[PDB]
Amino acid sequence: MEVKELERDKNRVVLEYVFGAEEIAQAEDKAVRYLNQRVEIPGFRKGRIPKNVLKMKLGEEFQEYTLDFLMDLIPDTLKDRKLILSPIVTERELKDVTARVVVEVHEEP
């Protein structure tokens, strides 16, 4: 986990938390755990839906749950600071793994 201070404006501080691959996987696992306590779908025993199935059914909504659990890492990083309020979330973002290759081809004239 890497936190960067974006700005300080008096006692108002903006912090950007960037989460690593391990934390993301841990958060995805909490999301599976959370969902399996609360939803039952045809074809799977109560509490036994595989992670892959949840990601497929839920699609882009699965990320929202993943981000919810990532958010839960934050308070502990601030327990050494004296703050009036709980942190206010002003932005969230998750980008799945991605890959790109650029090639050049020469068509027969």
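Residue numbers here begin at 1 and follow the sequence given.
Comparing the deposited coordinates for 93 to 101 and 5 to 13, the stretch with the larger average C-alpha B-factor is 5 to 13. In this entry, the higher average B-factor at the C-alpha atoms falls on 81 to 89, of the pair 21 to 29 and 81 to 89. The PDB entry assigns residue 44 a C-alpha temperature factor belonging to the highest third of its chain's modelled residues.
Placement of the Cα temperature factor of residue 52 within the chain: highest third of the modelled residues, per the deposited record. In the PDB entry, residue 35 places in the lowest third of its chain by CA B-factor. Residue-level temperature factors show residue 71 in the highest third of its chain, judged at the C-alpha atom.
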